[PDB]
file coords-v8.cif (mmCIF, C-alpha atoms)
data_upload
#
loop_
_atom_site.label_atom_id
_atom_site.label_comp_id
_atom_site.auth_asym_id
_atom_site.auth_seq_id
_atom_site.Cartn_x
_atom_site.Cartn_y
_atom_site.Cartn_z
CA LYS A 245 -101.04 -10.33 6.89
CA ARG A 246 -101.40 -13.67 5.08
CA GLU A 247 -103.62 -14.94 7.91
CA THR A 248 -105.87 -11.86 7.66
CA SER A 249 -105.99 -12.12 3.85
CA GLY A 250 -107.03 -15.77 4.06
CA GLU A 251 -109.70 -14.90 6.64
CA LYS A 252 -111.09 -12.13 4.41
CA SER A 253 -111.13 -14.42 1.37
CA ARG A 254 -112.89 -17.19 3.32
CA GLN A 255 -115.61 -14.88 4.69
CA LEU A 256 -116.36 -13.49 1.21
CA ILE A 915 -116.35 -10.90 -4.41
CA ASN A 916 -113.80 -12.96 -6.33
CA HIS A 917 -111.66 -10.01 -7.44
CA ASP A 918 -110.78 -9.01 -3.88
CA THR A 919 -109.91 -12.62 -3.05
CA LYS A 920 -107.56 -12.94 -6.02
CA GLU A 921 -106.00 -9.57 -5.15
CA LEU A 922 -105.40 -10.87 -1.62
CA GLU A 923 -103.88 -14.07 -2.98
CA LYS A 924 -101.62 -12.20 -5.41
CA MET A 925 -100.39 -9.85 -2.68
CA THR A 926 -99.66 -12.87 -0.46
CA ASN A 927 -97.68 -14.27 -3.41
CA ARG A 928 -95.73 -11.00 -3.40
CA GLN A 929 -95.24 -11.52 0.34
CA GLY A 930 -93.92 -15.00 -0.43
CA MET A 931 -91.45 -13.56 -2.95
CA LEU A 932 -90.39 -11.04 -0.28
CA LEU A 933 -89.90 -14.03 2.04
CA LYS A 934 -87.81 -15.57 -0.74
CA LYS A 935 -85.49 -12.57 -0.90
CA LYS A 936 -85.41 -12.49 2.94
CA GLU A 937 -84.18 -16.10 2.90
CA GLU A 938 -80.73 -15.38 1.43
CA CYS A 939 -80.03 -12.80 4.17
CA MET A 940 -78.72 -15.12 6.89
CA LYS A 941 -76.61 -16.98 4.35
CA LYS A 942 -75.11 -13.81 2.84
CA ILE A 943 -73.62 -12.99 6.25
CA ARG A 944 -72.42 -16.59 6.49
CA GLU A 945 -70.25 -16.57 3.38
CA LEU A 946 -68.71 -13.24 4.49
CA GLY A 947 -67.20 -14.97 7.52
CA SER A 948 -66.81 -11.60 9.22
CA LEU A 949 -64.54 -11.24 12.23
CA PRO A 950 -66.21 -9.75 15.35
CA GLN A 951 -64.39 -7.82 18.07
CA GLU A 952 -65.12 -6.70 21.63
CA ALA A 953 -66.68 -3.39 20.51
CA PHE A 954 -69.74 -5.13 19.01
CA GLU A 955 -72.36 -4.12 21.59
CA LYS A 956 -71.33 -0.48 22.06
CA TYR A 957 -72.28 0.46 18.48
CA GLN A 958 -75.98 0.17 19.34
CA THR A 959 -77.90 2.29 16.82
CA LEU A 960 -81.13 1.19 15.12
CA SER A 961 -81.51 4.22 12.82
CA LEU A 962 -80.14 2.33 9.74
CA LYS A 963 -79.55 5.70 8.00
CA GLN A 964 -76.47 7.02 9.81
CA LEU A 965 -75.27 3.40 9.73
CA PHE A 966 -75.16 3.62 5.93
CA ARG A 967 -73.20 6.88 6.25
CA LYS A 968 -70.78 5.06 8.56
CA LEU A 969 -70.29 2.24 6.04
CA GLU A 970 -69.80 4.78 3.22
CA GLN A 971 -67.17 6.73 5.16
CA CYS A 972 -65.36 3.55 6.24
CA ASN A 973 -65.29 2.45 2.59
CA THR A 974 -63.98 5.88 1.56
CA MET B 1193 -80.00 -39.22 18.14
CA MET B 1194 -82.08 -36.09 17.65
CA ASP B 1195 -81.31 -34.68 21.13
CA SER B 1196 -79.64 -37.31 23.37
CA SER B 1197 -80.08 -34.81 26.23
CA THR B 1198 -78.65 -37.28 28.75
CA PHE B 1199 -75.20 -35.72 29.21
CA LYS B 1200 -76.01 -32.48 27.40
CA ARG B 1201 -77.54 -31.44 30.72
CA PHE B 1202 -74.42 -32.81 32.47
CA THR B 1203 -72.10 -30.49 30.56
CA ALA B 1204 -74.62 -27.60 30.68
CA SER B 1205 -74.67 -27.98 34.47
CA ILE B 1206 -70.87 -27.90 34.41
CA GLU B 1207 -70.65 -24.54 32.64
CA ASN B 1208 -73.49 -22.98 34.63
CA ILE B 1209 -71.95 -23.93 37.99
CA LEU B 1210 -68.60 -22.66 36.62
CA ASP B 1211 -69.85 -19.26 35.50
CA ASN B 1212 -71.90 -18.94 38.69
CA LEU B 1213 -68.83 -19.58 40.86
CA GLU B 1214 -66.58 -17.34 38.73
CA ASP B 1215 -68.72 -14.46 37.43
CA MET B 1216 -70.88 -13.58 40.48
CA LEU B 1231 -58.92 -16.14 39.10
CA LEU B 1232 -58.08 -19.65 37.89
CA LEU B 1233 -60.32 -22.70 37.47
CA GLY B 1234 -57.65 -25.34 38.13
CA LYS B 1235 -56.47 -28.33 36.12
CA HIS B 1236 -58.66 -31.37 36.77
CA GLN B 1237 -62.09 -29.85 36.08
CA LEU B 1238 -61.04 -28.31 32.74
CA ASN B 1239 -59.16 -31.49 31.80
CA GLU B 1240 -62.30 -33.59 32.22
CA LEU B 1241 -64.25 -30.77 30.53
CA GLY B 1242 -62.12 -31.13 27.41
CA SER B 1243 -62.27 -34.92 27.64
CA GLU B 1244 -66.07 -34.89 27.57
CA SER B 1245 -66.03 -32.02 25.03
CA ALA B 1246 -64.30 -34.39 22.59
CA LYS B 1247 -67.52 -36.08 21.50
CA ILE B 1248 -70.44 -35.49 23.91
CA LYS B 1249 -71.06 -31.93 22.75
CA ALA B 1250 -69.83 -32.66 19.18
CA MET B 1251 -73.51 -33.15 18.31
CA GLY B 1252 -75.14 -31.58 21.38
CA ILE B 1253 -73.54 -28.10 21.32
CA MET B 1254 -76.69 -26.88 19.53
CA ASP B 1255 -79.61 -25.44 21.56
CA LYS B 1256 -77.26 -23.76 24.04
CA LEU B 1257 -77.36 -20.23 25.40
CA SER B 1258 -75.26 -17.92 23.21
CA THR B 1259 -74.27 -15.15 25.65
CA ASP B 1260 -73.06 -17.80 28.10
CA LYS B 1261 -70.76 -19.03 25.31
CA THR B 1262 -69.49 -15.46 24.87
CA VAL B 1263 -68.82 -14.98 28.58
CA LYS B 1264 -67.08 -18.36 28.97
CA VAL B 1265 -64.84 -17.77 25.95
CA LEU B 1266 -64.04 -14.35 27.44
CA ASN B 1267 -63.20 -16.02 30.78
CA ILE B 1268 -60.89 -18.60 29.21
CA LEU B 1269 -59.46 -15.81 27.05
CA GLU B 1270 -58.51 -13.99 30.26
CA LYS B 1271 -57.04 -17.30 31.45
CA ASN B 1272 -54.85 -17.68 28.35
CA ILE B 1273 -53.77 -14.03 28.69
CA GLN B 1274 -51.68 -15.06 31.71
CA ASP B 1275 -49.35 -17.43 29.85
CA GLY B 1276 -49.72 -15.66 26.50
CA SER B 1277 -46.05 -14.98 25.74
CA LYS B 1278 -45.28 -16.25 29.23
CA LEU B 1279 -41.49 -15.65 28.86
CA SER B 1280 -40.43 -18.68 30.89
CA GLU B 1293 -35.79 -26.96 40.88
CA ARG B 1294 -39.19 -26.47 42.51
CA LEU B 1295 -40.56 -23.44 40.64
CA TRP B 1296 -40.29 -25.57 37.47
CA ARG B 1297 -43.22 -27.65 38.76
CA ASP B 1298 -45.34 -24.48 38.86
CA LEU B 1299 -43.97 -23.71 35.38
CA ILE B 1300 -44.87 -27.08 33.86
CA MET B 1301 -48.32 -27.13 35.48
CA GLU B 1302 -48.93 -23.59 34.17
CA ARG B 1303 -48.21 -24.63 30.58
CA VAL B 1304 -50.19 -27.88 30.90
CA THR B 1305 -53.16 -25.94 32.34
CA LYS B 1306 -53.09 -23.32 29.59
CA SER B 1307 -52.57 -26.04 26.96
CA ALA B 1308 -55.72 -27.77 28.18
CA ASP B 1309 -57.36 -24.33 28.03
CA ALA B 1310 -56.16 -24.04 24.42
CA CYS B 1311 -57.71 -27.46 23.78
CA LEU B 1312 -61.05 -26.25 25.16
CA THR B 1313 -60.89 -23.15 22.94
CA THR B 1314 -60.05 -25.04 19.76
CA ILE B 1315 -62.71 -27.67 20.49
CA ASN B 1316 -65.45 -25.26 21.61
CA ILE B 1317 -65.23 -23.07 18.51
CA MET B 1318 -65.33 -25.93 15.96
CA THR B 1319 -67.87 -28.09 17.77
CA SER B 1320 -71.02 -27.56 15.72
CA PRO B 1321 -71.20 -28.60 12.04
CA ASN B 1322 -73.02 -25.28 11.49
CA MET B 1323 -71.57 -22.53 13.67
CA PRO B 1324 -73.46 -19.26 14.29
CA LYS B 1325 -71.59 -16.04 13.64
CA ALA B 1326 -69.90 -14.11 16.48
CA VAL B 1327 -70.07 -16.82 19.13
CA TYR B 1328 -66.30 -16.22 18.89
CA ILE B 1329 -63.88 -13.29 18.75
CA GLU B 1330 -60.59 -13.53 16.81
CA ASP B 1331 -58.70 -12.28 19.90
CA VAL B 1332 -58.82 -15.73 21.54
CA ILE B 1333 -57.74 -17.49 18.32
CA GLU B 1334 -54.91 -14.95 18.04
CA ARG B 1335 -54.05 -15.70 21.67
CA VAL B 1336 -53.91 -19.48 21.19
CA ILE B 1337 -51.82 -18.86 18.05
CA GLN B 1338 -49.22 -16.76 19.89
CA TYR B 1339 -49.29 -19.22 22.81
CA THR B 1340 -48.52 -21.97 20.29
CA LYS B 1341 -45.74 -19.89 18.68
CA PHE B 1342 -43.82 -18.97 21.81
CA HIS B 1343 -44.20 -22.15 23.81
CA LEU B 1344 -43.53 -24.50 20.87
CA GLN B 1345 -40.36 -22.68 19.77
CA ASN B 1346 -39.22 -22.34 23.38
CA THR B 1347 -39.76 -25.92 24.48
CA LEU B 1348 -40.39 -28.66 21.95
CA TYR B 1349 -37.83 -27.97 19.21
CA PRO B 1350 -34.66 -27.62 21.42
CA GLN B 1351 -35.04 -31.01 23.14
CA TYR B 1352 -36.28 -32.82 20.04
CA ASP B 1353 -33.55 -31.20 17.91
CA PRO B 1354 -30.13 -30.53 19.50
CA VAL B 1355 -29.19 -28.07 16.72
CA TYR B 1356 -31.60 -25.52 18.19
CA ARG B 1357 -30.11 -26.41 21.58
CA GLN B 1380 -40.94 -36.68 31.73
CA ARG B 1381 -44.23 -37.73 30.11
CA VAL B 1382 -45.33 -34.07 30.44
CA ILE B 1383 -43.46 -33.21 27.21
CA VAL B 1384 -45.13 -36.13 25.39
CA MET B 1385 -48.66 -35.24 26.50
CA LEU B 1386 -48.02 -31.57 25.70
CA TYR B 1387 -46.88 -32.74 22.25
CA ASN B 1388 -50.07 -34.74 21.70
CA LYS B 1389 -52.16 -31.74 22.76
CA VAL B 1390 -50.22 -29.60 20.25
CA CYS B 1391 -51.03 -32.12 17.50
CA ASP B 1392 -54.74 -32.19 18.35
CA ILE B 1393 -55.03 -28.41 18.67
CA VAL B 1394 -53.31 -27.71 15.35
CA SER B 1395 -55.48 -30.33 13.59
CA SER B 1396 -58.61 -28.70 14.99
CA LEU B 1397 -57.13 -25.32 14.01
CA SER B 1398 -56.78 -26.57 10.44
CA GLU B 1399 -60.36 -27.77 10.15
CA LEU B 1400 -61.61 -24.63 11.89
CA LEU B 1401 -59.79 -22.42 9.38
CA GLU B 1402 -61.26 -24.47 6.51
CA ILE B 1403 -64.72 -23.91 8.07
CA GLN B 1404 -64.67 -20.10 7.91
CA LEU B 1405 -62.67 -17.21 6.45
CA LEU B 1406 -60.07 -15.48 8.63
CA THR B 1407 -58.24 -12.17 8.29
CA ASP B 1408 -54.84 -11.94 6.59
CA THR B 1409 -53.33 -10.69 9.87
CA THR B 1410 -53.99 -14.25 11.06
CA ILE B 1411 -53.21 -15.92 7.71
CA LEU B 1412 -49.57 -14.76 7.57
CA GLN B 1413 -48.48 -16.28 10.88
CA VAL B 1414 -50.65 -19.40 10.69
CA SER B 1415 -48.96 -20.10 7.34
CA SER B 1416 -45.63 -19.38 9.05
CA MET B 1417 -46.31 -22.08 11.65
CA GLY B 1418 -47.76 -24.40 9.00
CA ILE B 1419 -44.37 -24.33 7.29
CA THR B 1420 -42.17 -23.94 10.42
CA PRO B 1421 -41.61 -27.50 11.76
CA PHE B 1422 -40.56 -28.92 8.36
CA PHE B 1423 -36.84 -28.59 9.17
CA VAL B 1424 -36.54 -30.47 12.49
CA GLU B 1425 -36.37 -34.20 13.06
CA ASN B 1426 -38.99 -35.94 15.24
CA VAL B 1427 -42.15 -34.05 14.20
CA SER B 1428 -43.67 -36.29 11.50
CA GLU B 1429 -47.27 -36.36 12.77
CA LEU B 1430 -46.99 -32.62 13.38
CA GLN B 1431 -45.94 -32.43 9.74
CA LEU B 1432 -49.10 -34.27 8.66
CA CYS B 1433 -51.13 -31.81 10.73
CA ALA B 1434 -49.19 -28.96 9.09
CA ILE B 1435 -50.10 -30.47 5.71
CA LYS B 1436 -53.75 -30.27 6.79
CA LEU B 1437 -53.27 -26.64 7.83
CA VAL B 1438 -51.61 -25.67 4.56
CA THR B 1439 -54.42 -27.40 2.64
CA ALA B 1440 -56.88 -25.21 4.52
CA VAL B 1441 -55.01 -21.91 4.07
CA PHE B 1442 -53.89 -22.68 0.49
CA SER B 1443 -57.13 -23.92 -1.04
CA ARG B 1444 -59.16 -21.36 0.93
CA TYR B 1445 -57.13 -18.30 -0.17
CA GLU B 1446 -55.60 -17.64 -3.61
CA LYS B 1447 -53.75 -14.45 -2.60
CA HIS B 1448 -50.79 -15.97 -0.70
CA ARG B 1449 -49.23 -18.24 -3.37
CA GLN B 1450 -46.23 -15.91 -3.70
CA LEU B 1451 -46.00 -15.71 0.12
CA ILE B 1452 -45.93 -19.48 0.62
CA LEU B 1453 -43.36 -20.14 -2.09
CA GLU B 1454 -41.04 -17.41 -0.76
CA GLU B 1455 -40.97 -18.79 2.80
CA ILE B 1456 -40.49 -22.24 1.23
CA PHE B 1457 -37.34 -21.18 -0.58
CA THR B 1458 -35.95 -19.14 2.38
CA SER B 1459 -34.88 -21.82 4.86
CA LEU B 1460 -34.29 -24.87 2.65
CA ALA B 1461 -30.75 -25.14 4.08
CA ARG B 1462 -32.22 -26.07 7.49
CA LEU B 1463 -33.09 -29.58 6.23
CA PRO B 1464 -31.81 -32.37 8.55
CA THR B 1465 -29.82 -34.19 5.80
CA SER B 1466 -29.64 -37.31 7.99
CA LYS B 1467 -29.73 -40.95 6.92
CA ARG B 1468 -31.87 -41.74 9.98
CA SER B 1469 -35.64 -41.36 9.43
CA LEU B 1470 -35.44 -39.12 6.37
CA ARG B 1471 -38.25 -41.02 4.60
CA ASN B 1472 -41.14 -41.66 7.00
CA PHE B 1473 -44.33 -41.42 4.87
CA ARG B 1474 -45.96 -44.77 4.09
CA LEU B 1475 -47.53 -45.17 0.65
CA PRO B 1484 -41.82 -50.25 2.81
CA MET B 1485 -41.60 -47.36 0.26
CA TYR B 1486 -41.46 -44.59 2.84
CA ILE B 1487 -40.90 -41.11 1.42
CA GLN B 1488 -39.51 -37.74 2.55
CA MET B 1489 -41.98 -35.23 3.96
CA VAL B 1490 -41.54 -31.97 2.04
CA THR B 1491 -41.82 -33.81 -1.28
CA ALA B 1492 -45.33 -34.91 -0.31
CA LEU B 1493 -45.91 -31.35 0.91
CA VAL B 1494 -45.09 -30.08 -2.60
CA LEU B 1495 -47.32 -32.76 -4.14
CA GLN B 1496 -50.32 -31.84 -2.02
CA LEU B 1497 -49.82 -28.16 -2.85
CA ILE B 1498 -49.94 -29.24 -6.51
CA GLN B 1499 -53.13 -31.27 -6.17
CA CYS B 1500 -54.70 -29.06 -3.48
CA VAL B 1501 -55.87 -26.14 -5.66
CA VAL B 1502 -58.94 -26.95 -7.77
CA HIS B 1503 -61.64 -24.41 -6.76
CA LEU B 1504 -64.53 -26.64 -7.82
CA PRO B 1505 -67.80 -24.65 -8.20
CA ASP B 1524 -67.91 -24.05 -16.85
CA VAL B 1525 -64.58 -22.52 -17.90
CA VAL B 1526 -63.76 -22.06 -14.19
CA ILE B 1527 -62.37 -25.62 -14.28
CA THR B 1528 -60.09 -24.82 -17.23
CA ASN B 1529 -58.79 -21.48 -15.94
CA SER B 1530 -58.23 -22.84 -12.42
CA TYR B 1531 -56.42 -25.90 -13.79
CA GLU B 1532 -54.11 -23.85 -16.03
CA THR B 1533 -53.61 -21.58 -13.00
CA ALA B 1534 -52.51 -24.72 -11.13
CA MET B 1535 -49.90 -25.57 -13.78
CA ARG B 1536 -48.76 -21.93 -13.82
CA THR B 1537 -48.32 -21.88 -10.04
CA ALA B 1538 -46.43 -25.17 -10.26
CA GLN B 1539 -44.18 -23.89 -13.05
CA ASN B 1540 -43.36 -20.71 -11.10
CA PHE B 1541 -42.53 -22.89 -8.08
CA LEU B 1542 -40.24 -25.23 -9.99
CA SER B 1543 -38.66 -22.44 -12.07
CA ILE B 1544 -37.69 -20.37 -9.02
CA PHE B 1545 -36.58 -23.50 -7.15
CA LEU B 1546 -34.46 -24.65 -10.11
CA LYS B 1547 -32.83 -21.25 -10.65
CA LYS B 1548 -31.98 -21.01 -6.95
CA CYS B 1549 -30.59 -24.56 -7.06
CA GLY B 1550 -28.59 -24.40 -10.29
CA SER B 1551 -25.80 -22.00 -9.40
CA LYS B 1552 -23.32 -22.84 -6.66
CA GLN B 1553 -23.92 -20.31 -3.91
CA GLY B 1554 -21.35 -19.41 -1.28
CA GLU B 1555 -20.83 -21.76 1.70
CA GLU B 1556 -23.66 -24.17 0.76
CA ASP B 1557 -25.55 -25.88 -2.05
CA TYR B 1558 -29.11 -26.72 -3.06
CA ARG B 1559 -28.18 -29.64 -5.35
CA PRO B 1560 -28.70 -32.61 -2.91
CA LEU B 1561 -32.13 -31.20 -2.12
CA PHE B 1562 -32.80 -31.34 -5.84
CA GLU B 1563 -31.65 -34.95 -6.35
CA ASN B 1564 -33.48 -36.40 -3.29
CA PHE B 1565 -36.53 -34.32 -4.20
CA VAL B 1566 -36.68 -35.66 -7.74
CA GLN B 1567 -36.09 -39.37 -6.89
CA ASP B 1568 -38.97 -39.04 -4.45
CA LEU B 1569 -41.00 -37.34 -7.22
CA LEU B 1570 -40.53 -40.18 -9.69
CA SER B 1571 -40.72 -42.65 -6.79
CA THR B 1572 -44.32 -41.52 -6.36
CA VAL B 1573 -44.87 -41.25 -10.12
CA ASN B 1574 -47.85 -43.64 -10.55
CA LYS B 1575 -50.17 -44.11 -7.58
CA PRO B 1576 -53.86 -43.21 -8.09
CA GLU B 1577 -53.94 -40.87 -5.09
CA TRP B 1578 -50.74 -39.03 -6.08
CA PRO B 1579 -51.27 -37.49 -9.55
CA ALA B 1580 -49.54 -34.64 -11.44
CA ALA B 1581 -46.07 -36.11 -10.97
CA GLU B 1582 -46.38 -36.85 -14.69
CA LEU B 1583 -47.17 -33.14 -15.12
#

call {"tool": "encode", "arguments": {"input": "coords-v8.cif", "output": "structure tokens"}}
result
Amino acid sequence: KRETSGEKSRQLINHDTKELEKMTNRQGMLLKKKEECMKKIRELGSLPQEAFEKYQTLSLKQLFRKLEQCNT
Amino acid sequence: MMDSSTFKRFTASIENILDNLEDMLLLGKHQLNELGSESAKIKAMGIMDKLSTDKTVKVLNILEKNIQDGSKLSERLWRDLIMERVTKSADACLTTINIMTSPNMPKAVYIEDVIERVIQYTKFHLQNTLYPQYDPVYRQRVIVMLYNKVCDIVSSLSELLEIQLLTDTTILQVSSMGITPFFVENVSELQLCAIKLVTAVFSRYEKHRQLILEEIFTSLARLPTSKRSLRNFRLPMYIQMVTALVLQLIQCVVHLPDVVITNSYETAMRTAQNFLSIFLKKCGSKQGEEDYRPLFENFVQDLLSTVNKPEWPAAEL
């Protein structure tokens, strides 16, 4: 997206370019919050078992229900 | 060296020929012995940029190996016996080296089952073999080399436990072994390694202070009480071991990140005062059939014997 935004700004008037730059800055801040994510698992130090690969669900919605019920 | 891929490919060839010939049930002594010998330092920087699922399958394979003598319950069959324990002890060495090897270690390249397995292997085989013939109260170079492997594996266990959090269902028994050998005779370097382990478990977790002090006070009567080699910690001026154990518990808890310093430090004096209060009240009265007084006198002369050295503080406290 940043690549495409830069391309569009380079071909071009100014208001669309600064909107593209500000939304890439929001992308950068989203990158910033997606930087702590592989450390936050690291300080957990979680203990994995043999049943890791069988729980293969990419829904991410019933997964939250599973975490809620396990907490309960 | 940024890669030094000049024996990285040597080891990588070793595991790929191994898992080819085994996966498509034992791998023998000599190969795994040299594998651990090279694993000492060659992969200690080069373990990075290696295939993860191969690591999972090899730790599963050596897990299934250590299953065989896990709680093994054991003139010519004794040769098979000794070679079985030496083979699985080398396997234990490969486990405890392989897990710790990288300075930054990616999650779930390990499962706690194998660490549990090496722990129970350590428990049973140590209490079965090494204590009775190094302490006759509980009652050729193979025992010595097994001993050295035990020392190395428990040291690596200590630094591995400092590296990452473990579950309490591991913490209880690893603390049990960390305190266990402190009442037999010829185990001094094991006792240093046990000091390292109790540093790891004690500074890493704040929830087992009560636990540790209770198993401390339980078996104090098992002390050797011998004039020979009672003080074996250099600072002449050799000192008794469990005194320095107490000292390093005292200085071990800091929890360095504001007022966290103050509350943690007063927590340290509170933990110390609970320790010494309970120890004193157990000592003071004369219990049936035994006493805790001579423990208290030798303990305190060692305490004021190490009163003023810049790497042993808090004796003044």

call {"tool": "interface_residues", "arguments": {"input": "coords-v8.cif", "of": "chain A", "to": "chain B", "cutoff": "6 Å", "atoms": "all atoms listed in the file", "output": "short mmCIF file (atom, residue, chain, number, x, y, z; two decimals) with C-alpha atoms, in the coordinates of the input"}}
result
data_model
loop_
_atom_site.label_atom_id
_atom_site.label_comp_id
_atom_site.auth_asym_id
_atom_site.auth_seq_id
_atom_site.Cartn_x
_atom_site.Cartn_y
_atom_site.Cartn_z
CA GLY A 947 -67.20 -14.97 7.52
CA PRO A 950 -66.21 -9.75 15.35
CA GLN A 951 -64.39 -7.82 18.07
#

call {"tool": "residues_around", "arguments": {"input": "coords-v8.cif", "residues": "residue B:1203", "least_positions_apart": "3", "cutoff": "12 Å", "atoms": "all atoms listed in the file", "output": "number ranges by chain"}}
result
B: 1197-1200, 1206-1210, 1237-1238, 1240-1250, 1252-1253, 1256

call {"tool": "axis_aligned_box", "arguments": {"input": "coords-v8.cif", "around": "stretch 946-960 of chain A", "padding_each_side": "3 Å", "output": "JSON"}}
result
{"center_x": -72.8, "center_y": -6.3, "center_z": 13.3, "size_x": 22.7, "size_y": 23.3, "size_z": 23.6}

call {"tool": "atom_distance", "arguments": {"input": "coords-v8.cif", "atom1": "atom CA of residue B:1393", "atom2": "atom CA of residue B:1270"}}
result
18.8 Å

call {"tool": "resolve_selection", "arguments": {"input": "coords-v8.cif", "expression": "the PyMOL selection byres ((chain B and resi 1398) around 8)", "output": "PyMOL selection string"}}
result
chain B and resi 1394-1397+1399-1402+1433+1436-1438+1440

call {"tool": "closest_residue", "arguments": {"input": "coords-v8.cif", "among": "B:1356, B:1462, B:1424, B:1536", "to": "residue B:1449", "atoms": "only C-alpha atoms"}}
result
B:1536

call {"tool": "atom_distance", "arguments": {"input": "coords-v8.cif", "atom1": "atom CA of residue B:1215", "atom2": "atom CA of residue B:1312"}}
result
18.7 Å

call {"tool": "resolve_selection", "arguments": {"input": "coords-v8.cif", "expression": "the PyMOL selection byres ((chain B and resi 1473) around 12)", "output": "list in words"}}
result
residues 1428, 1429, 1431, 1432, 1469, 1470, 1471, 1472, 1474, 1475, 1484, 1485, 1486, 1487, 1488, 1489, 1490, 1491, 1492, 1493, 1568 and 1572 of chain B

call {"tool": "atom_distance", "arguments": {"input": "coords-v8.cif", "atom1": "atom CA of residue B:1201", "atom2": "atom CA of residue B:1333"}}
result
27.2 Å

call {"tool": "closest_residue", "arguments": {"input": "coords-v8.cif", "among": "B:1212, B:1528, B:1259, B:1409", "to": "residue A:955", "atoms": "all atoms listed in the file"}}
result
B:1259

call {"tool": "build_atoms", "arguments": {"input": "coords-v8.cif", "residues": "stretch 1405-1416 of chain B", "atoms": "N, CA, C and O atoms", "output": "PDB file, keeping the file's coordinate frame"}}
result
ATOM      1  N   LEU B1405     -63.696 -18.184   6.802  1.00  0.00           N
ATOM      2  CA  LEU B1405     -62.670 -17.210   6.450  1.00  0.00           C
ATOM      3  C   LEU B1405     -62.093 -16.517   7.680  1.00  0.00           C
ATOM      4  O   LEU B1405     -62.802 -16.224   8.647  1.00  0.00           O
ATOM      5  N   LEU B1406     -60.788 -16.256   7.631  1.00  0.00           N
ATOM      6  CA  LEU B1406     -60.070 -15.480   8.630  1.00  0.00           C
ATOM      7  C   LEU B1406     -59.369 -14.306   7.963  1.00  0.00           C
ATOM      8  O   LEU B1406     -59.199 -14.269   6.742  1.00  0.00           O
ATOM      9  N   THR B1407     -58.956 -13.343   8.783  1.00  0.00           N
ATOM     10  CA  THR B1407     -58.240 -12.170   8.290  1.00  0.00           C
ATOM     11  C   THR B1407     -56.793 -12.516   7.963  1.00  0.00           C
ATOM     12  O   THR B1407     -56.190 -13.401   8.574  1.00  0.00           O
ATOM     13  N   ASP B1408     -56.233 -11.770   7.000  1.00  0.00           N
ATOM     14  CA  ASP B1408     -54.840 -11.940   6.590  1.00  0.00           C
ATOM     15  C   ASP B1408     -53.845 -11.734   7.729  1.00  0.00           C
ATOM     16  O   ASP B1408     -52.778 -12.371   7.745  1.00  0.00           O
ATOM     17  N   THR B1409     -54.190 -10.890   8.708  1.00  0.00           N
ATOM     18  CA  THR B1409     -53.330 -10.690   9.870  1.00  0.00           C
ATOM     19  C   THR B1409     -53.291 -11.910  10.776  1.00  0.00           C
ATOM     20  O   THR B1409     -52.518 -11.918  11.738  1.00  0.00           O
ATOM     21  N   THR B1410     -54.147 -12.900  10.531  1.00  0.00           N
ATOM     22  CA  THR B1410     -53.990 -14.250  11.060  1.00  0.00           C
ATOM     23  C   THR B1410     -53.318 -15.180  10.061  1.00  0.00           C
ATOM     24  O   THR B1410     -52.514 -16.034  10.463  1.00  0.00           O
ATOM     25  N   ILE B1411     -53.649 -15.009   8.772  1.00  0.00           N
ATOM     26  CA  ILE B1411     -53.210 -15.920   7.710  1.00  0.00           C
ATOM     27  C   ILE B1411     -51.688 -15.972   7.628  1.00  0.00           C
ATOM     28  O   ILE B1411     -51.107 -17.054   7.462  1.00  0.00           O
ATOM     29  N   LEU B1412     -51.023 -14.815   7.770  1.00  0.00           N
ATOM     30  CA  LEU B1412     -49.570 -14.760   7.570  1.00  0.00           C
ATOM     31  C   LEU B1412     -48.846 -15.655   8.582  1.00  0.00           C
ATOM     32  O   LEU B1412     -48.030 -16.510   8.211  1.00  0.00           O
ATOM     33  N   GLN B1413     -49.204 -15.538   9.858  1.00  0.00           N
ATOM     34  CA  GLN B1413     -48.480 -16.280  10.880  1.00  0.00           C
ATOM     35  C   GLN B1413     -48.972 -17.716  10.995  1.00  0.00           C
ATOM     36  O   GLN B1413     -48.192 -18.595  11.390  1.00  0.00           O
ATOM     37  N   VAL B1414     -50.245 -17.991  10.678  1.00  0.00           N
ATOM     38  CA  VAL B1414     -50.650 -19.400  10.690  1.00  0.00           C
ATOM     39  C   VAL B1414     -49.984 -20.149   9.541  1.00  0.00           C
ATOM     40  O   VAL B1414     -49.621 -21.317   9.696  1.00  0.00           O
ATOM     41  N   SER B1415     -49.749 -19.486   8.399  1.00  0.00           N
ATOM     42  CA  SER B1415     -48.960 -20.100   7.340  1.00  0.00           C
ATOM     43  C   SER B1415     -47.505 -20.270   7.772  1.00  0.00           C
ATOM     44  O   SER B1415     -46.853 -21.270   7.427  1.00  0.00           O
ATOM     45  N   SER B1416     -46.983 -19.283   8.509  1.00  0.00           N
ATOM     46  CA  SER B1416     -45.630 -19.380   9.050  1.00  0.00           C
ATOM     47  C   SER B1416     -45.464 -20.625   9.913  1.00  0.00           C
ATOM     48  O   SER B1416     -44.487 -21.363   9.771  1.00  0.00           O
TER      49      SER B1416
END
